[PDB]
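Raw contents of structure-v3.csv, CSV, C-alpha atoms and all ligand atoms:
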```
chain,number,residue,atom,x,y,z
J,15,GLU,CA,-129.8,-121.6,22.4
J,16,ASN,CA,-131.2,-123.8,19.6
J,17,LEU,CA,-130.5,-126.5,22.1
J,18,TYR,CA,-133.3,-128.8,21.3
J,19,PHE,CA,-132.6,-129.2,17.6
J,20,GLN,CA,-130.9,-132.5,18.1
J,21,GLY,CA,-129.5,-133.1,14.7
J,22,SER,CA,-129.1,-136.7,14.1
J,23,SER,CA,-129.4,-137.7,17.8
J,24,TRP,CA,-132.9,-137.0,18.9
J,25,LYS,CA,-133.7,-138.5,22.4
J,26,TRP,CA,-137.1,-138.8,24.1
J,27,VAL,CA,-138.9,-140.0,27.1
J,28,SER,CA,-142.5,-141.2,26.8
J,29,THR,CA,-145.3,-141.1,29.2
J,30,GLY,CA,-147.7,-144.0,29.6
J,31,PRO,CA,-151.0,-143.9,27.7
J,32,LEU,CA,-152.7,-140.5,28.6
J,33,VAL,CA,-156.0,-140.5,26.7
J,34,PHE,CA,-158.4,-143.4,26.1
J,35,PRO,CA,-161.7,-143.6,24.4
J,36,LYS,CA,-164.7,-143.0,26.7
J,37,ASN,CA,-166.9,-145.8,27.9
J,38,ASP,CA,-170.0,-144.3,26.3
J,39,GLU,CA,-172.5,-145.4,23.7
J,40,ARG,CA,-170.3,-144.3,20.8
J,41,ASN,CA,-168.0,-147.4,21.5
J,42,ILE,CA,-165.0,-145.7,20.0
J,43,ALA,CA,-162.0,-148.0,19.6
J,44,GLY,CA,-159.1,-145.6,19.2
J,45,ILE,CA,-158.2,-142.0,19.9
J,46,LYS,CA,-155.9,-140.9,17.1
J,47,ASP,CA,-154.2,-138.2,15.1
J,48,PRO,CA,-153.8,-135.4,17.7
J,49,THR,CA,-153.2,-131.8,17.2
J,50,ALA,CA,-152.6,-129.6,20.2
J,51,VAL,CA,-151.7,-126.1,21.4
J,52,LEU,CA,-150.8,-124.8,24.9
J,53,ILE,CA,-152.4,-121.4,25.8
J,54,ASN,CA,-151.9,-119.8,29.2
J,55,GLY,CA,-151.5,-123.1,31.0
J,56,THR,CA,-154.4,-125.0,29.2
J,57,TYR,CA,-153.7,-127.7,26.6
J,58,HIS,CA,-156.2,-127.7,23.8
J,59,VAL,CA,-156.4,-131.0,21.8
J,60,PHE,CA,-158.3,-132.1,18.8
J,61,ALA,CA,-158.2,-135.8,17.8
J,62,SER,CA,-159.9,-138.3,15.6
J,63,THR,CA,-162.2,-141.0,16.9
J,64,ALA,CA,-161.8,-144.3,15.2
J,65,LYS,CA,-163.9,-147.5,15.1
J,66,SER,CA,-164.9,-149.9,12.4
J,67,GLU,CA,-168.1,-147.8,11.8
J,68,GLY,CA,-166.2,-144.7,10.9
J,69,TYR,CA,-164.2,-141.6,11.8
J,70,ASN,CA,-165.1,-138.3,13.4
J,71,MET,CA,-163.3,-135.8,15.7
J,72,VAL,CA,-163.2,-134.7,19.3
J,73,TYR,CA,-162.0,-131.6,21.2
J,74,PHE,CA,-160.9,-131.6,24.8
J,75,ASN,CA,-158.8,-129.5,27.1
J,76,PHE,CA,-156.9,-130.0,30.4
J,77,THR,CA,-154.1,-128.4,32.5
J,78,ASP,CA,-152.3,-131.6,33.8
J,79,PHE,CA,-151.3,-134.5,31.5
J,80,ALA,CA,-152.1,-137.0,34.4
J,81,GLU,CA,-155.7,-135.7,34.3
J,82,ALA,CA,-156.1,-135.6,30.5
J,83,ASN,CA,-158.0,-138.9,30.5
J,84,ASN,CA,-160.6,-137.4,32.7
J,85,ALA,CA,-161.2,-134.4,30.4
J,86,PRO,CA,-164.7,-134.4,29.0
J,87,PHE,CA,-164.9,-134.9,25.2
J,88,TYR,CA,-166.8,-132.5,23.0
J,89,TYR,CA,-167.8,-134.6,20.1
J,90,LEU,CA,-167.5,-132.2,17.1
J,91,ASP,CA,-170.4,-133.8,15.3
J,92,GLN,CA,-172.5,-131.7,17.7
J,93,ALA,CA,-171.1,-128.5,16.1
J,94,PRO,CA,-171.9,-127.5,12.5
J,95,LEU,CA,-168.7,-129.4,11.6
J,96,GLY,CA,-171.2,-132.3,12.0
J,97,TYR,CA,-171.7,-135.9,11.3
J,98,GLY,CA,-169.9,-137.8,8.6
J,99,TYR,CA,-166.5,-138.8,7.8
J,100,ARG,CA,-163.9,-136.4,9.3
J,101,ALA,CA,-160.4,-137.2,10.4
J,102,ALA,CA,-156.9,-136.1,11.2
J,103,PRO,CA,-157.0,-132.5,12.4
J,104,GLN,CA,-154.4,-129.7,12.5
J,105,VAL,CA,-155.3,-126.6,14.5
J,106,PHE,CA,-153.7,-123.1,14.2
J,107,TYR,CA,-154.6,-119.5,14.6
J,108,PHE,CA,-154.8,-117.7,11.2
J,109,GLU,CA,-153.9,-114.2,12.5
J,110,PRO,CA,-155.1,-112.2,9.5
J,111,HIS,CA,-158.6,-113.5,10.0
J,112,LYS,CA,-158.6,-113.6,13.8
J,113,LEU,CA,-159.9,-117.1,13.4
J,114,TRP,CA,-158.7,-120.5,14.4
J,115,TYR,CA,-158.6,-123.0,11.5
J,116,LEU,CA,-159.0,-126.7,11.9
J,117,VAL,CA,-157.6,-128.4,8.8
J,118,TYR,CA,-158.6,-132.1,8.3
J,119,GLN,CA,-159.8,-134.6,5.7
J,120,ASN,CA,-163.4,-135.4,4.7
J,121,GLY,CA,-162.7,-137.1,1.4
J,122,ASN,CA,-161.1,-133.9,0.3
J,123,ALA,CA,-158.8,-131.5,2.0
J,124,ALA,CA,-161.1,-129.5,4.3
J,125,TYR,CA,-161.2,-126.8,6.9
J,126,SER,CA,-163.4,-125.3,9.5
J,127,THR,CA,-163.1,-122.0,11.4
J,128,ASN,CA,-163.9,-120.7,14.9
J,129,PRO,CA,-163.1,-117.3,16.5
J,130,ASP,CA,-162.7,-119.0,19.9
J,131,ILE,CA,-160.9,-122.2,20.6
J,132,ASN,CA,-162.7,-122.5,23.9
J,133,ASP,CA,-166.1,-122.8,22.3
J,134,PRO,CA,-166.1,-126.0,20.3
J,135,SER,CA,-169.8,-125.8,19.5
J,136,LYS,CA,-169.1,-123.1,16.9
J,137,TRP,CA,-166.8,-125.0,14.5
J,138,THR,CA,-168.2,-124.5,11.0
J,139,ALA,CA,-169.4,-127.1,8.5
J,140,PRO,CA,-166.5,-128.2,6.3
J,141,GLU,CA,-165.4,-126.2,3.3
J,142,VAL,CA,-162.8,-127.7,0.9
J,143,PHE,CA,-159.5,-126.4,-0.4
J,144,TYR,CA,-160.0,-128.1,-3.8
J,145,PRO,CA,-163.6,-127.1,-4.9
J,146,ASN,CA,-163.7,-129.3,-8.0
J,147,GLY,CA,-162.7,-132.5,-6.1
J,148,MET,CA,-159.7,-134.7,-6.0
J,149,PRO,CA,-156.9,-133.1,-8.1
J,150,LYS,CA,-155.9,-134.9,-11.2
J,151,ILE,CA,-152.3,-135.5,-10.1
J,152,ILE,CA,-153.6,-137.2,-6.9
J,153,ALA,CA,-156.2,-139.3,-8.8
J,154,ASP,CA,-153.5,-140.3,-11.3
J,155,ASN,CA,-151.0,-141.4,-8.7
J,156,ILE,CA,-152.9,-142.7,-5.7
J,157,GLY,CA,-153.4,-146.2,-6.8
J,158,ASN,CA,-155.2,-148.2,-4.1
J,159,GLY,CA,-154.2,-145.6,-1.5
J,160,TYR,CA,-156.1,-143.0,0.4
J,161,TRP,CA,-155.8,-139.2,0.3
J,162,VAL,CA,-154.9,-138.4,3.9
J,163,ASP,CA,-153.2,-136.1,6.5
J,164,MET,CA,-153.6,-132.5,5.4
J,165,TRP,CA,-151.1,-130.0,6.7
J,166,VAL,CA,-151.0,-126.2,6.3
J,167,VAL,CA,-147.9,-124.0,6.9
J,168,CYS,CA,-147.3,-120.4,5.9
J,169,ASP,CA,-144.1,-118.5,5.6
J,170,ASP,CA,-143.6,-115.3,7.6
J,171,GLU,CA,-143.0,-112.8,4.7
J,172,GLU,CA,-144.6,-109.6,5.8
J,173,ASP,CA,-146.2,-108.8,2.4
J,174,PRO,CA,-149.4,-110.8,2.2
J,175,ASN,CA,-149.1,-111.0,-1.7
J,176,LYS,CA,-145.7,-112.6,-1.5
J,177,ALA,CA,-146.2,-114.7,1.6
J,178,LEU,CA,-147.2,-118.3,0.7
J,179,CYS,CA,-149.5,-120.8,2.4
J,180,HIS,CA,-148.7,-124.4,1.6
J,181,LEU,CA,-151.0,-127.4,1.9
J,182,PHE,CA,-149.3,-130.8,2.1
J,183,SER,CA,-150.9,-134.2,1.9
J,184,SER,CA,-150.1,-137.9,1.4
J,185,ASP,CA,-151.8,-140.7,-0.6
J,186,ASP,CA,-150.7,-144.0,1.2
J,187,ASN,CA,-149.0,-144.7,-2.1
J,188,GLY,CA,-145.5,-143.3,-1.5
J,189,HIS,CA,-146.1,-139.7,-2.5
J,190,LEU,CA,-146.1,-136.4,-0.6
J,191,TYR,CA,-147.9,-133.5,-2.3
J,192,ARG,CA,-147.8,-129.7,-1.9
J,193,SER,CA,-150.1,-126.9,-3.1
J,194,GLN,CA,-149.9,-123.2,-2.4
J,195,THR,CA,-151.8,-119.9,-2.4
J,196,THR,CA,-150.9,-116.5,-1.1
J,197,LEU,CA,-151.6,-115.3,2.4
J,198,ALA,CA,-153.9,-112.7,1.0
J,199,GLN,CA,-156.1,-115.3,-0.7
J,200,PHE,CA,-156.0,-118.1,1.9
J,201,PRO,CA,-158.0,-120.4,2.2
J,202,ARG,CA,-158.9,-119.8,-1.4
J,203,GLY,CA,-156.8,-120.4,-4.5
J,204,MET,CA,-154.8,-123.5,-3.7
J,205,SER,CA,-152.8,-124.6,-6.8
J,206,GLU,CA,-152.8,-128.0,-8.4
J,207,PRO,CA,-150.5,-130.1,-6.2
J,208,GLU,CA,-147.0,-131.1,-7.1
J,209,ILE,CA,-145.2,-134.2,-5.9
J,210,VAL,CA,-142.4,-133.0,-3.6
J,211,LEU,CA,-141.1,-136.3,-2.4
J,212,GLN,CA,-141.7,-139.9,-3.4
J,213,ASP,CA,-140.6,-143.4,-2.4
J,214,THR,CA,-142.0,-145.6,-5.2
J,215,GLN,CA,-139.9,-148.7,-4.4
J,216,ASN,CA,-140.9,-148.8,-0.7
J,217,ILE,CA,-144.1,-146.8,-0.3
J,218,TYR,CA,-144.1,-147.4,3.4
J,219,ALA,CA,-140.9,-145.3,3.8
J,220,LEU,CA,-142.9,-142.1,3.0
J,221,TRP,CA,-146.3,-143.1,4.3
J,222,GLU,CA,-148.4,-140.4,5.8
J,223,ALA,CA,-148.8,-138.0,8.8
J,224,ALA,CA,-146.5,-135.3,7.5
J,225,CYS,CA,-145.7,-132.3,9.6
J,226,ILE,CA,-143.7,-129.2,8.4
J,227,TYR,CA,-142.5,-126.8,11.0
J,228,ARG,CA,-140.5,-123.6,11.1
J,229,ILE,CA,-137.6,-123.6,13.5
J,230,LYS,CA,-137.6,-120.2,15.3
J,231,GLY,CA,-134.5,-118.2,14.7
J,232,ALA,CA,-133.0,-120.6,12.1
J,233,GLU,CA,-132.1,-118.8,8.9
J,234,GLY,CA,-130.2,-121.3,6.7
J,235,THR,CA,-130.4,-124.9,5.7
J,236,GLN,CA,-132.3,-126.1,8.8
J,237,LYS,CA,-134.9,-123.4,8.8
J,238,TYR,CA,-137.7,-126.0,8.2
J,239,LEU,CA,-138.2,-129.4,9.6
J,240,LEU,CA,-140.2,-132.1,7.7
J,241,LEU,CA,-141.5,-135.2,9.6
J,242,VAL,CA,-143.1,-138.1,7.8
J,243,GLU,CA,-144.4,-141.4,9.3
J,244,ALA,CA,-142.9,-144.6,8.0
J,245,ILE,CA,-143.6,-148.2,8.6
J,246,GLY,CA,-140.6,-150.3,9.7
J,247,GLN,CA,-139.9,-153.8,8.5
J,248,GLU,CA,-141.7,-155.4,11.6
J,249,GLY,CA,-144.7,-153.1,11.2
J,250,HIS,CA,-143.7,-150.5,13.8
J,251,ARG,CA,-144.4,-146.9,13.1
J,252,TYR,CA,-141.7,-144.2,13.4
J,253,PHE,CA,-140.9,-140.7,12.0
J,254,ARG,CA,-138.3,-139.8,9.5
J,255,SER,CA,-137.0,-136.3,9.3
J,256,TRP,CA,-135.6,-133.9,6.7
J,257,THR,CA,-134.6,-130.3,6.6
J,258,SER,CA,-134.8,-127.5,4.1
J,259,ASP,CA,-134.1,-123.8,3.7
J,260,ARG,CA,-137.7,-123.2,2.5
J,261,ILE,CA,-141.1,-124.8,2.6
J,262,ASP,CA,-141.0,-125.4,-1.1
J,263,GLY,CA,-137.3,-126.2,-1.1
J,264,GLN,CA,-135.4,-129.4,-1.5
J,265,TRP,CA,-135.5,-131.8,1.5
J,266,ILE,CA,-132.4,-133.4,2.7
J,267,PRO,CA,-132.5,-136.3,5.2
J,268,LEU,CA,-131.8,-135.5,8.8
J,269,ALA,CA,-132.6,-138.6,11.0
J,270,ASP,CA,-134.4,-140.8,8.5
J,271,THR,CA,-133.8,-144.5,9.4
J,272,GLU,CA,-135.6,-146.9,11.7
J,273,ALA,CA,-132.4,-147.4,13.7
J,274,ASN,CA,-132.0,-143.6,13.9
J,275,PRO,CA,-135.4,-142.0,13.6
J,276,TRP,CA,-136.6,-138.6,14.5
J,277,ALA,CA,-138.8,-140.5,16.9
J,278,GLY,CA,-139.3,-144.2,17.1
J,279,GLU,CA,-138.9,-147.3,19.3
J,280,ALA,CA,-135.1,-146.9,18.8
J,281,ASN,CA,-134.8,-143.5,20.6
J,282,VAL,CA,-137.8,-143.3,22.9
J,283,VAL,CA,-137.3,-144.3,26.6
J,284,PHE,CA,-140.3,-145.4,28.5
J,285,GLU,CA,-139.2,-144.5,32.1
J,286,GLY,CA,-142.5,-145.8,33.4
J,287,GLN,CA,-145.3,-147.8,31.7
J,288,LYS,CA,-144.1,-149.4,28.4
J,289,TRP,CA,-147.1,-149.8,26.1
J,290,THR,CA,-146.3,-149.3,22.4
J,291,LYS,CA,-143.6,-150.1,19.9
J,292,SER,CA,-145.1,-147.6,17.4
J,293,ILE,CA,-144.7,-143.9,17.6
J,294,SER,CA,-147.5,-142.8,15.1
J,295,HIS,CA,-149.3,-139.8,13.8
J,296,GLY,CA,-148.4,-137.1,16.3
J,297,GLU,CA,-147.8,-133.4,16.5
J,298,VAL,CA,-145.7,-131.1,18.5
J,299,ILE,CA,-147.7,-129.2,21.2
J,300,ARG,CA,-147.3,-125.6,20.1
J,301,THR,CA,-147.2,-122.4,22.2
J,302,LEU,CA,-146.6,-120.2,19.1
J,303,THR,CA,-150.0,-121.0,17.7
J,304,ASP,CA,-150.2,-119.0,14.4
J,305,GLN,CA,-150.1,-120.1,10.8
J,306,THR,CA,-146.3,-120.2,10.6
J,307,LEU,CA,-146.2,-123.4,12.6
J,308,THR,CA,-143.1,-122.2,14.4
J,309,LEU,CA,-141.3,-124.1,17.1
J,310,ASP,CA,-139.0,-122.5,19.8
J,311,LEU,CA,-136.2,-125.0,20.2
J,312,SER,CA,-134.8,-123.2,23.1
J,313,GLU,CA,-137.4,-125.3,25.0
J,314,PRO,CA,-138.0,-129.1,24.9
J,315,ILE,CA,-140.4,-130.4,22.3
J,316,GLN,CA,-143.5,-132.1,23.6
J,317,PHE,CA,-144.9,-134.4,20.9
J,318,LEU,CA,-148.4,-135.9,21.4
J,319,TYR,CA,-148.7,-139.1,19.5
J,320,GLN,CA,-150.8,-142.2,19.0
J,321,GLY,CA,-149.5,-145.6,20.3
J,322,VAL,CA,-151.1,-149.1,20.5
J,323,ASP,CA,-150.5,-152.4,22.2
J,324,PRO,CA,-148.2,-154.2,19.8
J,325,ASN,CA,-150.1,-157.4,20.5
J,326,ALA,CA,-153.4,-156.0,19.4
J,327,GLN,CA,-155.1,-158.2,16.7
J,328,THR,CA,-158.0,-156.2,15.1
J,329,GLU,CA,-159.0,-154.7,11.8
J,330,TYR,CA,-157.0,-151.5,11.3
J,331,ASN,CA,-159.9,-149.1,12.0
J,332,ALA,CA,-160.6,-151.0,15.3
J,333,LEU,CA,-157.1,-150.8,16.7
J,334,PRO,CA,-157.0,-149.6,20.3
J,335,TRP,CA,-154.9,-146.4,19.7
J,336,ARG,CA,-154.3,-144.2,22.7
J,337,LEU,CA,-152.6,-140.8,23.0
J,338,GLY,CA,-149.3,-140.5,24.7
J,339,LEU,CA,-146.5,-137.9,25.1
J,340,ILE,CA,-142.8,-137.8,24.3
J,341,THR,CA,-140.6,-135.0,25.8
J,342,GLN,CA,-137.0,-134.1,25.1
H,401,LIG,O1,-161.2,-145.8,6.5
H,401,LIG,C1,-160.0,-145.5,5.9
H,401,LIG,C2,-158.9,-145.8,6.8
H,401,LIG,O2,-158.8,-147.2,7.1
H,401,LIG,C3,-157.5,-145.3,6.2
H,401,LIG,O3,-156.5,-145.5,7.2
H,401,LIG,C4,-155.3,-146.0,6.6
H,401,LIG,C5,-155.5,-147.5,6.4
H,401,LIG,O4,-154.3,-148.1,5.9
H,401,LIG,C6,-153.1,-147.8,6.8
H,401,LIG,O5,-151.9,-148.4,6.2
H,401,LIG,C7,-151.9,-149.8,6.4
H,401,LIG,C8,-151.1,-150.1,7.7
H,401,LIG,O6,-150.9,-151.5,7.9
H,401,LIG,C9,-150.3,-152.2,6.8
H,401,LIG,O7,-150.2,-153.6,7.0
H,401,LIG,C10,-151.1,-151.9,5.5
H,401,LIG,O8,-150.4,-152.5,4.4
H,401,LIG,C11,-151.3,-150.5,5.3
H,401,LIG,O9,-152.2,-150.3,4.2
H,401,LIG,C12,-153.0,-146.3,7.0
H,401,LIG,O10,-151.9,-146.1,8.0
H,401,LIG,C13,-154.2,-145.7,7.5
H,401,LIG,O11,-154.0,-144.2,7.5
H,401,LIG,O12,-157.6,-143.9,5.8
H,401,LIG,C14,-158.7,-143.7,4.9
H,401,LIG,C15,-160.0,-144.1,5.4
H,401,LIG,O13,-161.1,-144.0,4.4
```
Could you rewrite the structure in this file as structure tokens?
Amino acid sequence: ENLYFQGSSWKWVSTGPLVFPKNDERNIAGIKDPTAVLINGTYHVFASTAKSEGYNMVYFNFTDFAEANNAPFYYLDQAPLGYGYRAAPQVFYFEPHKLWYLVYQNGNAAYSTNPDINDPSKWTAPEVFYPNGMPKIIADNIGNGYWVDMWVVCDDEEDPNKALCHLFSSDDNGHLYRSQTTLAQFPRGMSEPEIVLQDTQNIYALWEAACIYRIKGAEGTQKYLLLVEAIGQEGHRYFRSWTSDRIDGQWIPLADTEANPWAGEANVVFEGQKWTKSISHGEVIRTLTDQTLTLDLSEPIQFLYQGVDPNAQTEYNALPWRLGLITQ
């Protein structure tokens, strides 16, 4: 029963908007870039806060999607994680350390740790995966882009000296990069990145917000699923997809057009409130929470994403993003 690996015909239903910025003195414009896990009935979400003044991050939890908007926000600048530019989190449990990791950007590829996801006050001040700064290959190829959207995924090889931990990132210039280190060394020792995919003619076809997941029980050419956000010809965001037999393998398109996306306006049905034409920077809500980023596709995917009123006219950082949910 790999029932929910839908090949080239993915189909979704979206909720209305589920999470809004608070009406508090921070005057946040958008809630963005979610990462989420479900643990014994509680959803744990980390997201970016966005306004023209800057970016930081929030943590919140809830048990019912209809009540998510009422969840109190823990502003992570109150933890050692702290004030400053931080955005676009990914959360997973790194089992060999018995620590949760929060991977995100701060100008570099960064991470924080915490032994208990339920205690957001303990997230550490950032440490970076690239101690000397922006890698040469990224500085050489970024142009007028931005180094964004960091993603870790580890293979499940039992031997920690053979098992690899991969770190992907984008440049808003048409490149997708990948570094690696062994499980034994992680988070230390990330290699110089390599460009693994590029779209030089249309940079917007391979834009940002990459996700790489393991498909549980899949052992061949569709073992790994790559999602990347693209911008369509009328400015609407959607996700392209590819598959491979390994994380550092060759990626072959799966559902990779605007007309037939992994998720986009074309294949998402709003059965209730219809509030966005963009399906942007999202993540699958994971129940298998460890560093292998494994999805069980015997069950429907829930993908928490950011959407926005298509009629909004603001500067990009002031756009009124809200979180919503698509379900198979
Ligand atoms: O503060 C910086 C952020 O603004 C930045 O976010 C990216 C800004 O550019 C976005 O891409 C644009 C989308 O709309 C099109 O019309 C433009 O041509 C694009 O450039 C991108 O999606 C955002 O991630 O990230 C880095 C921050 O320092």
Looking at J:188, J:147, J:275, J:55, which one is nearest to ligand LIG 401 (chain H), with distances taken over all atoms listed in the file?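 Checking each candidate against ligand LIG 401 (chain H), we get J:188 as the closest.
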From the options J:339, J:210, J:283, J:220, which residue's atoms come nearest to ligand LIG 401 (chain H), counting only C-alpha atoms and all ligand atoms?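 Nearest to ligand LIG 401 (chain H): J:220.
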If we count only C-alpha atoms, what is near residue J:152 at a cut-off of 12 Å, once residues fewer than 2 positions away on the same chain are taken out, given as a count of residues only? 32
Produce as a PyMOL selection string the set of residues near ligand LIG 401 (chain H), where near means within 10 Å with all atoms listed in the file considered. chain J and resi 47+64-69+99-102+119-121+158-163+184-187+217-218+221-223+243-245+248-251+294-295+329-332
At a cut-off of 9 Å, using all atoms listed in the file, what residues contact residue J:314? Leave out same-chain residues fewer than 6 positions from it and give the result as a list in words.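 Once the adjacent positions are removed, what remains is residues 17, 18, 341 and 342 of chain J.
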Can you list, as an MDAnalysis selection string, every protein, DNA or RNA residue that comes within 10 Å of residue J:280 when you count only C-alpha atoms, leaving out same-chain residues fewer than 6 positions away? chainID J and resid 25:26 252 271:274 291
Selection from above, C-alpha atoms, as a compact mmCIF listing (two decimals), keeping the file's coordinate frame, can you write it?
```
# COMPACT_ATOMS: atom_id res chain seq x y z
CA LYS J 25 -133.70 -138.50 22.40
CA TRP J 26 -137.10 -138.80 24.10
CA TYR J 252 -141.70 -144.20 13.40
CA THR J 271 -133.80 -144.50 9.40
CA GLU J 272 -135.60 -146.90 11.70
CA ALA J 273 -132.40 -147.40 13.70
CA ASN J 274 -132.00 -143.60 13.90
CA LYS J 291 -143.60 -150.10 19.90
```
With all atoms listed in the file as the basis for distance, which of J:36, J:136, J:46, J:180 is at the shortest distance from residue J:319?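 For residue J:319, the nearest of the given residues is J:46.
Comparing J:43, J:226, J:32, J:72 by their smallest distance to residue J:328, the closest is J:43 (using only C-alpha atoms).
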So, counting only C-alpha atoms, which residue among J:129, J:205, J:241, J:16 is closest to residue J:313?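 So, comparing all the options, the nearest one is J:16.
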In terms of the shortest atom-to-atom distance over only C-alpha atoms, which of J:302, J:52, J:179, J:117 is closest to residue J:71? J:117
Set the distance at 10 Å and use all atoms listed in the file: which residues neighbour residue J:176 once local chain neighbours fewer than 4 positions away are removed? I'd like the list as a list in words.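 Non-adjacent residues within range: residues 169, 170, 171, 172, 195, 196, 197 and 198 of chain J.
In this structure, atom CA of residue J:257 sits 18.2 Å away from atom CA of residue J:296.
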Could you tell me how far atom CA of residue J:20 lies from atom CA of residue J:255, in Å and to one decimal? 11.4 Å
Neighbourhood query: residues within 10 Å of (-136.9, -124.3, 7.8), file coordinates, counting all atoms listed in the file; return as a ChimeraX atom specification. /J:169,226-240,256-263,265,308
Could you turn the residues from that selection into a file that holds C-alpha atoms, as a short mmCIF file (atom, residue, chain, number, x, y, z; two decimals), keeping the file's coordinate frame?
```
data_model
loop_
_atom_site.label_atom_id
_atom_site.label_comp_id
_atom_site.auth_asym_id
_atom_site.auth_seq_id
_atom_site.Cartn_x
_atom_site.Cartn_y
_atom_site.Cartn_z
CA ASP J 169 -144.10 -118.50 5.60
CA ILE J 226 -143.70 -129.20 8.40
CA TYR J 227 -142.50 -126.80 11.00
CA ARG J 228 -140.50 -123.60 11.10
CA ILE J 229 -137.60 -123.60 13.50
CA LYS J 230 -137.60 -120.20 15.30
CA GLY J 231 -134.50 -118.20 14.70
CA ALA J 232 -133.00 -120.60 12.10
CA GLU J 233 -132.10 -118.80 8.90
CA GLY J 234 -130.20 -121.30 6.70
CA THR J 235 -130.40 -124.90 5.70
CA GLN J 236 -132.30 -126.10 8.80
CA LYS J 237 -134.90 -123.40 8.80
CA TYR J 238 -137.70 -126.00 8.20
CA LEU J 239 -138.20 -129.40 9.60
CA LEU J 240 -140.20 -132.10 7.70
CA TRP J 256 -135.60 -133.90 6.70
CA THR J 257 -134.60 -130.30 6.60
CA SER J 258 -134.80 -127.50 4.10
CA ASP J 259 -134.10 -123.80 3.70
CA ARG J 260 -137.70 -123.20 2.50
CA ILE J 261 -141.10 -124.80 2.60
CA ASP J 262 -141.00 -125.40 -1.10
CA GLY J 263 -137.30 -126.20 -1.10
CA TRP J 265 -135.50 -131.80 1.50
CA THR J 308 -143.10 -122.20 14.40
#
```
If I take atom CA of residue J:293 and atom CA of residue J:125, how far is one from the other in Å, to one decimal? 26.1 Å
